[PDB]
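Undergrad: Provided herewith: upload_27.pdb, PDB, C-alpha atoms.
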```pdb
ATOM      1  CA  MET E   1      -4.423  28.804 -32.043
ATOM      2  CA  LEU E   2      -4.815  25.275 -33.362
ATOM      3  CA  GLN E   3      -8.494  26.026 -33.361
ATOM      4  CA  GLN E   4      -9.911  22.912 -31.816
ATOM      5  CA  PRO E   5      -9.966  19.334 -33.062
ATOM      6  CA  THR E   6     -13.421  17.777 -33.038
ATOM      7  CA  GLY E   7     -13.264  14.711 -30.792
ATOM      8  CA  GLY E   8     -10.936  16.323 -28.263
ATOM      9  CA  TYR E   9      -7.723  18.280 -27.818
ATOM     10  CA  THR E  10      -6.366  14.984 -26.486
ATOM     11  CA  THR E  11      -6.747  13.260 -29.873
ATOM     12  CA  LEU E  12      -4.014  15.551 -31.274
ATOM     13  CA  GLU E  13      -1.048  13.393 -30.198
ATOM     14  CA  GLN E  14       1.591  16.170 -29.953
ATOM     15  CA  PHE E  15       1.184  15.977 -26.192
ATOM     16  CA  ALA E  16       0.096  12.640 -24.716
ATOM     17  CA  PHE E  17       0.807  10.681 -21.525
ATOM     18  CA  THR E  18       3.156   7.765 -20.876
ATOM     19  CA  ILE E  19       4.027   6.370 -17.450
ATOM     20  CA  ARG E  20       7.673   5.307 -17.386
ATOM     21  CA  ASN E  21       7.553   1.602 -16.533
ATOM     22  CA  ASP E  22      11.258   1.618 -15.578
ATOM     23  CA  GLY E  23      13.617   1.521 -18.577
ATOM     24  CA  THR E  24      10.668   1.352 -20.980
ATOM     25  CA  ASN E  25       7.679   3.697 -21.228
ATOM     26  CA  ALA E  26       4.110   2.420 -21.681
ATOM     27  CA  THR E  27       0.433   3.427 -21.799
ATOM     28  CA  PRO E  28      -1.834   3.998 -18.739
ATOM     29  CA  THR E  29      -4.093   1.122 -19.898
ATOM     30  CA  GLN E  30      -1.090  -1.227 -19.875
ATOM     31  CA  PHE E  31       0.006  -0.296 -16.328
ATOM     32  CA  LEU E  32      -3.265  -0.783 -14.422
ATOM     33  CA  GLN E  33      -3.228  -4.575 -14.568
ATOM     34  CA  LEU E  34       0.062  -5.256 -12.719
ATOM     35  CA  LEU E  35      -2.165  -4.573  -9.686
ATOM     36  CA  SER E  36      -4.630  -6.983  -8.060
ATOM     37  CA  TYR E  37      -7.400  -6.334  -5.529
ATOM     38  CA  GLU E  38      -8.115  -7.726  -2.079
ATOM     39  CA  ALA E  39     -11.667  -7.371  -0.747
ATOM     40  CA  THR E  40     -11.735  -6.712   2.999
ATOM     41  CA  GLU E  41     -14.760  -6.647   5.294
ATOM     42  CA  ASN E  42     -15.367  -2.899   5.102
ATOM     43  CA  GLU E  43     -18.015  -1.032   3.159
ATOM     44  CA  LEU E  44     -18.417   2.448   1.690
ATOM     45  CA  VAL E  45     -21.608   4.049   0.362
ATOM     46  CA  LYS E  46     -21.621   6.301  -2.650
ATOM     47  CA  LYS E  47     -22.531   9.654  -1.165
ATOM     48  CA  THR E  48     -23.968  12.474  -3.271
ATOM     49  CA  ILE E  49     -21.987  15.673  -3.821
ATOM     50  CA  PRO E  50     -23.052  19.203  -2.875
ATOM     51  CA  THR E  51     -23.057  21.982  -5.475
ATOM     52  CA  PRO E  52     -20.172  24.445  -5.717
ATOM     53  CA  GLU E  53     -20.899  28.014  -4.690
ATOM     54  CA  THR E  54     -20.522  30.376  -7.620
ATOM     55  CA  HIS E  55     -18.233  33.196  -6.534
ATOM     56  CA  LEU E  56     -14.838  33.025  -8.226
ATOM     57  CA  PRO E  57     -12.353  35.711  -7.156
ATOM     58  CA  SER E  58     -12.558  39.066  -8.947
ATOM     59  CA  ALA E  59     -10.221  40.355 -11.657
ATOM     60  CA  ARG E  60      -6.914  42.017 -10.732
ATOM     61  CA  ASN E  61      -4.060  41.755 -13.328
ATOM     62  CA  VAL E  62      -0.910  41.972 -11.215
ATOM     63  CA  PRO E  63       1.901  41.460 -13.747
ATOM     64  CA  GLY E  64       3.366  37.984 -13.255
ATOM     65  CA  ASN E  65       3.290  35.799 -16.369
ATOM     66  CA  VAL E  66       1.627  33.285 -14.041
ATOM     67  CA  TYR E  67       2.196  29.565 -14.735
ATOM     68  CA  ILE E  68      -1.318  28.623 -13.742
ATOM     69  CA  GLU E  69      -1.214  25.278 -15.507
ATOM     70  CA  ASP E  70       2.136  24.453 -13.945
ATOM     71  CA  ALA E  71       0.883  25.269 -10.451
ATOM     72  CA  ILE E  72      -2.214  23.028 -10.726
ATOM     73  CA  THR E  73      -0.290  19.884 -11.774
ATOM     74  CA  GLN E  74       2.201  20.494  -8.973
ATOM     75  CA  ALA E  75      -0.127  20.386  -5.973
ATOM     76  CA  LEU E  76      -2.121  17.269  -6.805
ATOM     77  CA  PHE E  77       0.777  15.050  -7.854
ATOM     78  CA  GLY E  78       3.901  17.137  -7.151
ATOM     79  CA  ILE E  79       6.396  15.886  -4.572
ATOM     80  CA  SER E  80       6.196  18.123  -1.458
ATOM     81  CA  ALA E  81       4.806  21.350  -2.974
ATOM     82  CA  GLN E  82       4.884  24.610  -0.998
ATOM     83  CA  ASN E  83       2.393  27.527  -0.817
ATOM     84  CA  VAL E  84       0.087  25.825  -3.298
ATOM     85  CA  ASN E  85      -3.041  27.545  -1.998
ATOM     86  CA  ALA E  86      -1.788  31.160  -2.091
ATOM     87  CA  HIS E  87      -4.368  33.612  -3.503
ATOM     88  CA  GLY E  88      -2.541  35.651  -6.171
ATOM     89  CA  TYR E  89      -2.293  33.224  -9.114
ATOM     90  CA  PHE E  90      -5.960  32.185  -9.475
ATOM     91  CA  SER E  91      -7.396  35.680  -9.274
ATOM     92  CA  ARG E  92      -5.354  36.491 -12.378
ATOM     93  CA  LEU E  93      -6.733  33.452 -14.211
ATOM     94  CA  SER E  94     -10.444  34.296 -13.696
ATOM     95  CA  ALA E  95      -9.879  37.241 -16.060
ATOM     96  CA  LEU E  96      -9.783  34.546 -18.776
ATOM     97  CA  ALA E  97     -13.482  33.631 -18.988
ATOM     98  CA  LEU E  98     -14.254  37.269 -19.801
ATOM     99  CA  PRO E  99     -15.630  37.905 -23.313
ATOM    100  CA  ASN E 100     -13.153  40.220 -25.099
ATOM    101  CA  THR E 101      -9.927  40.223 -23.062
ATOM    102  CA  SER E 102      -6.372  40.706 -24.309
ATOM    103  CA  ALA E 103      -5.087  37.753 -22.260
ATOM    104  CA  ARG E 104      -4.307  34.465 -23.999
ATOM    105  CA  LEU E 105      -3.462  31.121 -22.408
ATOM    106  CA  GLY E 106      -0.234  29.812 -23.925
ATOM    107  CA  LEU E 107      -0.226  26.283 -25.321
ATOM    108  CA  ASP E 108       2.750  25.486 -23.098
ATOM    109  CA  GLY E 109       0.726  26.491 -20.031
ATOM    110  CA  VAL E 110       1.900  30.054 -19.376
ATOM    111  CA  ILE E 111      -0.643  32.905 -19.207
ATOM    112  CA  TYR E 112       0.016  36.305 -20.821
ATOM    113  CA  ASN E 113      -1.296  39.850 -21.020
ATOM    114  CA  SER E 114      -2.004  41.156 -24.531
ATOM    115  CA  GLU E 115      -0.236  38.555 -26.732
ATOM    116  CA  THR E 116       2.734  37.292 -28.761
ATOM    117  CA  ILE E 117       3.405  36.023 -32.313
ATOM    118  CA  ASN E 118       6.134  33.403 -31.779
ATOM    119  CA  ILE E 119       3.792  31.467 -29.454
ATOM    120  CA  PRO E 120       0.625  29.564 -30.541
ATOM    121  CA  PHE E 121      -2.203  29.111 -28.022
ATOM    122  CA  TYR E 122      -5.747  27.826 -27.454
ATOM    123  CA  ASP E 123      -8.547  29.819 -29.110
ATOM    124  CA  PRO E 124     -10.095  32.284 -26.570
ATOM    125  CA  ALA E 125     -13.448  30.409 -26.554
ATOM    126  CA  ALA E 126     -11.959  27.064 -25.429
ATOM    127  CA  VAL E 127     -10.276  28.724 -22.425
ATOM    128  CA  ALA E 128     -13.362  30.863 -21.694
ATOM    129  CA  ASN E 129     -15.459  27.821 -20.756
ATOM    130  CA  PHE E 130     -12.455  26.312 -18.936
ATOM    131  CA  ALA E 131     -11.685  29.173 -16.530
ATOM    132  CA  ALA E 132     -15.390  29.605 -16.022
ATOM    133  CA  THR E 133     -15.151  26.414 -13.888
ATOM    134  CA  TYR E 134     -11.559  25.979 -12.548
ATOM    135  CA  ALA E 135     -11.163  29.569 -11.329
ATOM    136  CA  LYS E 136     -13.454  28.608  -8.434
ATOM    137  CA  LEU E 137     -10.897  26.290  -6.959
ATOM    138  CA  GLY E 138      -8.946  29.426  -6.121
ATOM    139  CA  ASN E 139     -10.872  30.243  -2.941
ATOM    140  CA  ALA E 140     -11.368  26.612  -1.910
ATOM    141  CA  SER E 141      -9.560  27.536   1.320
ATOM    142  CA  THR E 142     -12.030  30.143   2.718
ATOM    143  CA  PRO E 143     -13.717  29.193   6.002
ATOM    144  CA  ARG E 144     -17.187  29.696   4.488
ATOM    145  CA  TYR E 145     -16.814  28.268   0.943
ATOM    146  CA  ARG E 146     -14.458  25.393   1.826
ATOM    147  CA  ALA E 147     -15.069  21.871   0.485
ATOM    148  CA  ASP E 148     -15.370  18.460   2.173
ATOM    149  CA  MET E 149     -12.701  15.754   2.187
ATOM    150  CA  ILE E 150     -13.563  12.795   4.415
ATOM    151  CA  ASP E 151     -16.346  11.875   1.966
ATOM    152  CA  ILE E 152     -15.427  12.612  -1.688
ATOM    153  CA  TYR E 153     -13.026   9.661  -1.354
ATOM    154  CA  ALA E 154     -15.979   7.249  -1.592
ATOM    155  CA  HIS E 155     -15.599   7.845  -5.348
ATOM    156  CA  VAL E 156     -11.826   7.605  -5.778
ATOM    157  CA  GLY E 157     -12.055   3.917  -4.882
ATOM    158  CA  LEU E 158     -14.774   2.793  -7.243
ATOM    159  CA  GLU E 159     -12.730   4.158 -10.144
ATOM    160  CA  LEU E 160      -9.347   2.719  -9.105
ATOM    161  CA  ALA E 161     -10.695  -0.758  -8.330
ATOM    162  CA  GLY E 162     -14.380  -0.218  -9.087
ATOM    163  CA  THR E 163     -15.712  -3.511 -10.415
ATOM    164  CA  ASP E 164     -18.267  -2.966 -13.187
ATOM    165  CA  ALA E 165     -21.122  -4.479 -11.155
ATOM    166  CA  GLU E 166     -19.961  -2.136  -8.368
ATOM    167  CA  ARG E 167     -20.027   1.201 -10.206
ATOM    168  CA  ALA E 168     -23.302  -0.122 -11.623
ATOM    169  CA  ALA E 169     -24.567  -0.508  -8.049
ATOM    170  CA  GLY E 170     -23.931   1.981  -5.213
ATOM    171  CA  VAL E 171     -21.781   0.211  -2.593
ATOM    172  CA  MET E 172     -18.282  -1.263  -2.899
ATOM    173  CA  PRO E 173     -16.456  -3.381  -0.302
ATOM    174  CA  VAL E 174     -13.243  -1.782   1.001
ATOM    175  CA  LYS E 175     -10.414  -3.088  -1.174
ATOM    176  CA  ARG E 176      -6.653  -3.461  -0.690
ATOM    177  CA  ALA E 177      -4.384  -2.804  -3.673
ATOM    178  CA  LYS E 178      -1.196  -4.769  -4.360
ATOM    179  CA  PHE E 179       1.015  -4.845  -7.458
ATOM    180  CA  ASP E 180       4.572  -5.694  -8.553
ATOM    181  CA  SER E 181       7.327  -3.236  -7.551
ATOM    182  CA  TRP E 182      10.772  -1.750  -8.274
ATOM    183  CA  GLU E 183      11.442  -0.172  -4.841
ATOM    184  CA  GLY E 184      11.494   3.500  -5.852
ATOM    185  CA  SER E 185       8.403   2.933  -7.937
ATOM    186  CA  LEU E 186       5.891   4.996  -5.991
ATOM    187  CA  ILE E 187       7.976   8.155  -6.049
ATOM    188  CA  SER E 188       9.133   7.337  -9.579
ATOM    189  CA  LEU E 189       5.640   7.364 -11.067
ATOM    190  CA  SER E 190       4.801  10.539  -9.132
ATOM    191  CA  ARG E 191       7.884  12.248 -10.450
ATOM    192  CA  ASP E 192       6.738  11.224 -13.975
ATOM    193  CA  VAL E 193       3.021  12.260 -14.039
ATOM    194  CA  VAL E 194       3.927  15.889 -13.241
ATOM    195  CA  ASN E 195       4.698  16.670 -16.915
ATOM    196  CA  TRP E 196       1.464  15.489 -18.602
ATOM    197  CA  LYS E 197       0.275  19.014 -19.468
ATOM    198  CA  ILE E 198      -2.865  18.187 -17.460
ATOM    199  CA  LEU E 199      -4.158  21.545 -18.733
ATOM    200  CA  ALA E 200      -4.926  19.956 -22.113
ATOM    201  CA  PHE E 201      -7.081  17.219 -20.536
ATOM    202  CA  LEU E 202      -9.107  19.854 -18.633
ATOM    203  CA  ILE E 203      -9.387  22.744 -21.129
ATOM    204  CA  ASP E 204     -11.285  20.299 -23.351
ATOM    205  CA  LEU E 205     -13.404  18.698 -20.633
ATOM    206  CA  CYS E 206     -15.533  21.831 -20.772
ATOM    207  CA  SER E 207     -15.491  22.396 -24.553
ATOM    208  CA  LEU E 208     -16.586  18.946 -25.783
ATOM    209  CA  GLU E 209     -20.295  18.426 -26.378
ATOM    210  CA  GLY E 210     -22.986  15.768 -26.362
ATOM    211  CA  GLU E 211     -21.496  13.256 -28.773
ATOM    212  CA  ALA E 212     -17.821  14.275 -28.727
ATOM    213  CA  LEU E 213     -18.078  13.919 -24.931
ATOM    214  CA  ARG E 214     -19.596  10.401 -25.005
ATOM    215  CA  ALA E 215     -16.521   9.325 -26.985
ATOM    216  CA  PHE E 216     -14.056  11.284 -24.812
ATOM    217  CA  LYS E 217     -15.075   9.676 -21.499
ATOM    218  CA  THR E 218     -15.099   6.215 -23.116
ATOM    219  CA  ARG E 219     -11.452   6.461 -24.247
ATOM    220  CA  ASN E 220      -9.554   8.457 -21.596
ATOM    221  CA  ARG E 221     -11.201   6.376 -18.863
ATOM    222  CA  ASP E 222      -7.546   5.479 -18.131
ATOM    223  CA  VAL E 223      -5.706   8.850 -18.249
ATOM    224  CA  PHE E 224      -8.108   9.762 -15.429
ATOM    225  CA  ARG E 225      -7.758   6.501 -13.453
ATOM    226  CA  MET E 226      -3.991   7.049 -13.470
ATOM    227  CA  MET E 227      -3.768  10.452 -11.751
ATOM    228  CA  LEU E 228      -6.487   9.170  -9.411
ATOM    229  CA  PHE E 229      -4.317   6.278  -8.165
ATOM    230  CA  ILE E 230      -1.120   8.330  -7.755
ATOM    231  CA  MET E 231      -3.281  10.799  -5.791
ATOM    232  CA  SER E 232      -4.978   8.072  -3.701
ATOM    233  CA  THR E 233      -1.492   6.922  -2.644
ATOM    234  CA  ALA E 234      -0.637   9.900  -0.409
ATOM    235  CA  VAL E 235      -3.997   9.383   1.448
ATOM    236  CA  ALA E 236      -4.121   5.631   2.450
ATOM    237  CA  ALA E 237      -2.335   4.908   5.765
ATOM    238  CA  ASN E 238       0.019   1.886   5.765
ATOM    239  CA  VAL E 239       2.421   0.597   3.115
ATOM    240  CA  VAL E 240       3.461  -3.027   3.666
ATOM    241  CA  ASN E 241       6.096  -4.765   1.525
ATOM    242  CA  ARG E 242       5.821  -8.494   0.790
ATOM    243  CA  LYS E 243       8.988 -10.484   0.083
ATOM    244  CA  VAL E 244       7.941 -13.541  -1.958
ATOM    245  CA  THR E 245      10.106 -15.949  -4.021
ATOM    246  CA  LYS E 246      12.594 -13.573  -5.699
ATOM    247  CA  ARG E 247       9.931 -10.885  -6.111
ATOM    248  CA  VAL E 248       9.147  -7.774  -4.051
ATOM    249  CA  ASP E 249       5.677  -6.245  -3.693
ATOM    250  CA  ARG E 250       4.043  -3.000  -2.548
ATOM    251  CA  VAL E 251       0.646  -3.018  -0.861
ATOM    252  CA  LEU E 252      -1.392   0.181  -0.681
ATOM    253  CA  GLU E 253      -3.507  -0.238   2.536
ATOM    254  CA  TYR E 254      -7.004   1.080   1.787
ATOM    255  CA  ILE E 255      -8.029   2.531  -1.565
ATOM    256  CA  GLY E 256     -11.239   4.186  -0.340
ATOM    257  CA  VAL E 257     -10.602   5.954   2.970
ATOM    258  CA  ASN E 258      -8.902   9.185   4.050
ATOM    259  CA  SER E 259      -6.549   8.197   6.867
ATOM    260  CA  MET E 260      -5.953  11.955   7.129
ATOM    261  CA  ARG E 261      -2.136  11.744   6.807
ATOM    262  CA  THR E 262       1.253  10.124   6.152
ATOM    263  CA  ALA E 263       0.704   7.256   3.767
ATOM    264  CA  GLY E 264       4.373   6.402   4.004
ATOM    265  CA  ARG E 265       6.599   9.382   4.753
ATOM    266  CA  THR E 266       9.427   7.598   2.917
ATOM    267  CA  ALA E 267       7.793   5.006   0.628
ATOM    268  CA  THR E 268       5.528   7.519  -1.148
ATOM    269  CA  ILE E 269       4.446  11.168  -1.578
ATOM    270  CA  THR E 270       2.841  13.014   1.363
ATOM    271  CA  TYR E 271      -0.037  15.495   1.694
ATOM    272  CA  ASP E 272       0.184  18.585   3.925
ATOM    273  CA  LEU E 273      -2.952  20.125   5.493
ATOM    274  CA  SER E 274      -3.046  22.799   2.758
ATOM    275  CA  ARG E 275      -3.302  19.872   0.331
ATOM    276  CA  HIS E 276      -6.464  18.193   1.611
ATOM    277  CA  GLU E 277      -7.948  21.692   1.372
ATOM    278  CA  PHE E 278      -6.914  21.749  -2.290
ATOM    279  CA  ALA E 279      -7.093  18.240  -3.792
ATOM    280  CA  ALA E 280     -10.559  17.994  -2.224
ATOM    281  CA  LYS E 281     -12.058  21.115  -3.848
ATOM    282  CA  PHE E 282     -10.386  19.908  -7.057
ATOM    283  CA  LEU E 283     -12.154  16.522  -7.130
ATOM    284  CA  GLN E 284     -15.414  18.280  -6.191
ATOM    285  CA  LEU E 285     -15.257  19.970  -9.624
ATOM    286  CA  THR E 286     -13.810  17.321 -11.962
ATOM    287  CA  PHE E 287     -16.085  14.639 -10.552
ATOM    288  CA  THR E 288     -19.271  16.690 -10.745
ATOM    289  CA  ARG E 289     -18.415  17.909 -14.232
ATOM    290  CA  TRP E 290     -17.157  14.435 -15.106
ATOM    291  CA  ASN E 291     -20.467  12.801 -14.214
TER     292      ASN E 291
ATOM    293  CA  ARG K 940      33.179 -45.971 -12.803
ATOM    294  CA  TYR K 941      33.713 -44.275  -9.476
ATOM    295  CA  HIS K 942      32.170 -41.361  -7.605
ATOM    296  CA  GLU K 943      33.509 -37.888  -6.763
ATOM    297  CA  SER K 944      32.957 -35.096  -4.207
ATOM    298  CA  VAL K 945      30.583 -32.105  -4.443
ATOM    299  CA  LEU K 946      28.255 -29.866  -2.381
ATOM    300  CA  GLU K 947      24.476 -29.209  -2.421
ATOM    301  CA  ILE K 948      23.889 -25.767  -0.799
ATOM    302  CA  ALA K 949      20.317 -26.948   0.059
ATOM    303  CA  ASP K 950      18.921 -25.566  -3.225
ATOM    304  CA  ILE K 951      16.293 -28.340  -3.386
ATOM    305  CA  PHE K 952      13.802 -26.357  -1.262
ATOM    306  CA  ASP K 953      13.003 -23.019  -2.979
ATOM    307  CA  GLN K 954      11.385 -21.779   0.255
ATOM    308  CA  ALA K 955      12.701 -18.364   1.339
ATOM    309  CA  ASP K 956      13.777 -17.166   4.835
ATOM    310  CA  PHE K 957      15.818 -20.333   5.424
ATOM    311  CA  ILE K 958      19.237 -21.592   4.242
ATOM    312  CA  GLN K 959      20.671 -18.025   4.392
ATOM    313  CA  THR K 960      24.318 -19.167   4.388
ATOM    314  CA  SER K 961      25.763 -20.638   1.186
ATOM    315  CA  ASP K 962      28.411 -23.152   0.041
ATOM    316  CA  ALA K 963      31.487 -21.107   0.939
ATOM    317  CA  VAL K 964      31.211 -21.341   4.766
ATOM    318  CA  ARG K 965      31.851 -25.120   4.655
ATOM    319  CA  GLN K 966      35.054 -24.660   2.627
ATOM    320  CA  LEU K 967      36.416 -22.305   5.311
ATOM    321  CA  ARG K 968      35.544 -24.801   8.071
ATOM    322  CA  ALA K 969      37.425 -27.765   6.557
ATOM    323  CA  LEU K 970      40.764 -25.922   6.642
ATOM    324  CA  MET K 971      41.509 -25.381  10.349
ATOM    325  CA  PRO K 972      42.601 -28.112  12.808
ATOM    326  CA  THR K 973      39.873 -29.921  14.782
ATOM    327  CA  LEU K 974      39.090 -27.833  17.863
ATOM    328  CA  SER K 975      38.621 -29.454  21.271
ATOM    329  CA  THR K 976      36.127 -28.315  23.940
ATOM    330  CA  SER K 977      38.650 -26.197  25.879
ATOM    331  CA  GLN K 978      40.032 -24.736  22.623
ATOM    332  CA  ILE K 979      36.547 -23.662  21.484
ATOM    333  CA  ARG K 980      35.916 -22.084  24.909
ATOM    334  CA  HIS K 981      39.232 -20.212  24.622
ATOM    335  CA  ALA K 982      38.480 -19.099  21.038
ATOM    336  CA  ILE K 983      35.066 -17.715  22.052
ATOM    337  CA  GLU K 984      36.670 -15.758  24.912
ATOM    338  CA  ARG K 985      39.424 -14.208  22.737
ATOM    339  CA  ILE K 986      37.113 -12.856  19.990
ATOM    340  CA  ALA K 987      34.811 -11.495  22.720
ATOM    341  CA  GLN K 988      37.530  -9.545  24.566
TER     342      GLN K 988
END
```
Would you mind writing the file out in structure tokens?

TA:
Amino acid sequence: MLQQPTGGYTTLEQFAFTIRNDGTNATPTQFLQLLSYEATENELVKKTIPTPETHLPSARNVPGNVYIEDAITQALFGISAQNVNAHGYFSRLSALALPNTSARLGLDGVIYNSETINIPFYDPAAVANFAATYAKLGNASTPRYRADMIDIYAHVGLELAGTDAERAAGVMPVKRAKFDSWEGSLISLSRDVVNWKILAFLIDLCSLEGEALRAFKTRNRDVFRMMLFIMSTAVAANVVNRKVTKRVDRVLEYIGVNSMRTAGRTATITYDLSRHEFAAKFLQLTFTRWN
Amino acid sequence: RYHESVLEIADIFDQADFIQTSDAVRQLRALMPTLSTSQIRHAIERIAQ
């Protein structure tokens, strides 16, 4: 079980997160700086977010040994995922929040019926509060319940390049990111983030309380910023390379605006239409719960 | 104490997008006989055809 560590499940250290800065790994805090910010004459307003309708898909138990945690990490960051929004996997998960259910979430991220001995997991109460909230994403696709997209992205930007006087205020000028590069760097970081066990960071974002939370948000303010950037890459429209001195540089065109497609079909990772339907309803939950 | 003979390769600039060619092209040039106007015209024609 591992019970739960007080101060997070992310303070354990068995499973952490390191972006591979080429031949040598690093920490998310250490990577953010290699990037600078260019203020352009465009402005976004921080728009309020609507509440999420409470109606997570009912319990079914088809027998699949569903890799729910693996599926989640794949769509947001994964390189060209397929059938991400199919209905069967989530429905199975929602069974989890149920008081008294022989169905334990494996530590490795695989869900089971009944149990096992050889495999340690997360105590049933930690997962109960988790699936209470991320089961809802399941039906994000329905015509009626479906979430926005062209507007949640007014938040992505403040975090990635949000100046402190800017996230203190409401409006931030449209920025333009640019950082050093190794050519295959955009895909390379996206290939890397896929294995962070992003389950651990979320299954504890619903279990931590009033003080343990105040300390959690003030430390992992990076581990969040990271997956936000890699995600904001697929969305922004034009990638321009600058050849200076003996250096080479990647510019991400606009941090805060949904172009609606492409980014660079070759220079980065792309988002299908069944991705904007997903990544959107995702951010609508983590953001709200986050703040 | 006399001089010598070397080459510069125009490295004294450090501005990119110019000086693409390097030292070695000059060495190749000072090896063939001096080409006259009609010889150059002939040489252009031959490589073209």

Undergrad: Restrict the calculation to only C-alpha atoms, then for each residue of chain E with any atom at most 12 Å from an atom of chain K give the closest atom pair and their distance in Å to one decimal, rows by chain and rising residue number, as a Markdown table.

TA:
```
| residue | atom | partner | partner_atom | distance |
| --- | --- | --- | --- | --- |
| E:243 | CA | K:955 | CA | 8.8 |
| E:244 | CA | K:955 | CA | 7.5 |
| E:245 | CA | K:955 | CA | 6.4 |
| E:246 | CA | K:955 | CA | 8.5 |
| E:247 | CA | K:955 | CA | 10.9 |
```

Undergrad: Determine the residue set returned by the PyMOL selection byres ((chain E and resi 36-40) around 12) for the present structure, and present it as an MDAnalysis selection string.

TA: chainID E and resid 31:35 41:44 157:158 160:163 172:180 249:256

Undergrad: How many Å lie between atom CA of residue 199 of chain E and atom CA of residue 127 of chain E, rounded to one decimal?

TA: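 If I compute the distance from atom CA of residue 199 of chain E to atom CA of residue 127 of chain E, I get 10.1 Å.
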
Undergrad: Might you pull out every residue within 7 Å of residue 268 of chain E, with only C-alpha atoms counted and same-chain residues fewer than 5 positions away left off, and present them as a list in words?

TA: residues 186, 187, 234 and 263 of chain E

Undergrad: Can you work out which one of E:222, E:151, E:192, E:166 has the shortest atom-to-atom distance to residue 260 of chain E, counting only C-alpha atoms?

TA: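 When distances to residue 260 of chain E are compared using only C-alpha atoms, the smallest one comes from E:151.
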
Undergrad: Can you translate the PyMOL selection byres ((chain E and resi 126) around 8) into the concrete residues it hits in this file, as an mmCIF file with C-alpha atoms, keeping the file's coordinate frame?

TA:
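Output saved as part08.cif:
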```
data_model
loop_
_atom_site.group_PDB
_atom_site.id
_atom_site.type_symbol
_atom_site.label_atom_id
_atom_site.label_comp_id
_atom_site.auth_asym_id
_atom_site.auth_seq_id
_atom_site.Cartn_x
_atom_site.Cartn_y
_atom_site.Cartn_z
ATOM 1 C CA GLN E 4 -9.911 22.912 -31.816
ATOM 2 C CA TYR E 122 -5.747 27.826 -27.454
ATOM 3 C CA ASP E 123 -8.547 29.819 -29.110
ATOM 4 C CA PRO E 124 -10.095 32.284 -26.570
ATOM 5 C CA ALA E 125 -13.448 30.409 -26.554
ATOM 6 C CA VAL E 127 -10.276 28.724 -22.425
ATOM 7 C CA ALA E 128 -13.362 30.863 -21.694
ATOM 8 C CA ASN E 129 -15.459 27.821 -20.756
ATOM 9 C CA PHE E 130 -12.455 26.312 -18.936
ATOM 10 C CA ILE E 203 -9.387 22.744 -21.129
ATOM 11 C CA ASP E 204 -11.285 20.299 -23.351
ATOM 12 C CA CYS E 206 -15.533 21.831 -20.772
ATOM 13 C CA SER E 207 -15.491 22.396 -24.553
#
```

Undergrad: What do you get, as a PyMOL selection string, if you spell out every residue that the PyMOL selection byres ((chain E and resi 9) around 12) selects here?

TA: chain E and resi 1-8+10-16+107+122-123+126+197-208+212-213+216+220

Undergrad: Quick one: distance from atom CA of residue 152 of chain E to atom CA of residue 284 of chain E in Å, one decimal?

TA: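 The value is 7.2 Å.
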
Undergrad: Can you measure atom CA of residue 73 of chain E to atom CA of residue 60 of chain E for me? One decimal in Å is fine.

TA: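 Result for atom CA of residue 73 of chain E versus atom CA of residue 60 of chain E: 23.1 Å, one decimal.
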
Undergrad: Tell me which protein, DNA and RNA residues are within 9 Å of residue 947 of chain K, counting all atoms listed in the file, leaving out same-chain ones fewer than 3 positions away, and put them as a list in words.

TA: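 The residues satisfying every condition are residues 950, 951 and 962 of chain K.
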
Undergrad: Have a look at E:164, E:277, E:69, E:159 and name the one nearest to residue 141 of chain E; count only C-alpha atoms.

TA: E:277

Undergrad: Give me the residues within 10 Å of residue 269 of chain E as a PyMOL selection string, counting all atoms listed in the file and dropping any in the same chain fewer than 4 places off.

TA: chain E and resi 77-80+186-187+190-191+230-231+233-235+262-265

Undergrad: Using the file's own x, y and z axes, what box holds all listed atoms of segment 25-36 of chain E with 6 Å on each side, keeping edges along x, y and z, and what are its centre and edge lengths in Å to one decimal, as AutoDock Vina command-line options?

TA:
```
--center_x 1.5 --center_y -1.5 --center_z -14.9 --size_x 24.3 --size_y 23.0 --size_z 25.7
```

Undergrad: Would you list the residues near (3.2, 11.7, -19.0), meaning any protein, DNA or RNA residue with an atom at most 6 Å from that point in file coordinates, counting all atoms listed in the file, as a list in words?

TA: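 Selection result: residues 17, 18, 19, 193, 195 and 196 of chain E.
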